[PDB]
Amino acid sequence: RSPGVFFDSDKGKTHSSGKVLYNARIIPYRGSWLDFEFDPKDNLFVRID
DNA sequence: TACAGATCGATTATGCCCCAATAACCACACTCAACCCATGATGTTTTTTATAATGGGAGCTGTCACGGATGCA
């Protein structure tokens, strides 16, 4: 997978609602990784590694 | 005149003293280990060092996706 920024989605992970949870992803060539995530309550969350 | 026997003289038997090997039984012996006791060379362990030194992450891990509990807040 090439270094850069990629965006993804979820297809039925949250069975309670069935919403689509988009997320962003930063993967450098070397170094720590950065992720941006949504929630069913529509809130932004981050994750490192 | 025809027909008999009769003793010299030879192969066969049977046994054993020796004896030229036969075997067990007893006598004395050197050489080669085996273990030990040192001498010493090699090995192994302990001790100390006084300018000053005062908080790593070591390479993460790279990302699957079910279910069943589960411990909370």
# chains A, B, ... in the order shown; residues from 1 in each chain; ligands from 1

$ residues_around --residues "residue 14 (chain A)" --least-positions-apart "3" --cutoff "12 Å" --atoms "only C-alpha atoms (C1' of nucleotides)" --output "ChimeraX atom specification"
/A:9-11,17-21,38-41

$ write_last_selection --atoms "C-alpha atoms" --output "PDB file, in the first residue's frame"
ATOM      1  CA  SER A   9     -15.908   3.317   4.884  1.00  0.00           C
ATOM      2  CA  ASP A  10     -17.849   0.692   6.814  1.00  0.00           C
ATOM      3  CA  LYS A  11     -20.595  -1.528   5.392  1.00  0.00           C
ATOM      4  CA  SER A  17     -28.035   1.483  13.020  1.00  0.00           C
ATOM      5  CA  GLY A  18     -26.529   0.304   9.739  1.00  0.00           C
ATOM      6  CA  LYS A  19     -24.777   3.624   9.139  1.00  0.00           C
ATOM      7  CA  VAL A  20     -21.597   4.080   7.106  1.00  0.00           C
ATOM      8  CA  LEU A  21     -18.634   5.131   9.264  1.00  0.00           C
ATOM      9  CA  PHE A  38     -16.161   8.709  12.994  1.00  0.00           C
ATOM     10  CA  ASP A  39     -18.695   7.358  15.485  1.00  0.00           C
ATOM     11  CA  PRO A  40     -22.360   6.351  15.213  1.00  0.00           C
ATOM     12  CA  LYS A  41     -23.087   9.463  17.289  1.00  0.00           C
TER      13      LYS A  41
END

$ interface_residues --of "chain B" --to "chain A" --cutoff "10 Å" --atoms "only C-alpha atoms (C1' of nucleotides)" --output "number ranges by chain"
B: 60-63

$ closest_residue --among "A:46, A:7, A:13, A:2" --to "residue 65 (chain B)" --atoms "only C-alpha atoms (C1' of nucleotides)"
A:13

$ select_by_dssp --residues "chain A" --states "strand (DSSP E or B)" --output "number ranges by chain"
A: 4-8, 23-27, 34-37, 45-48
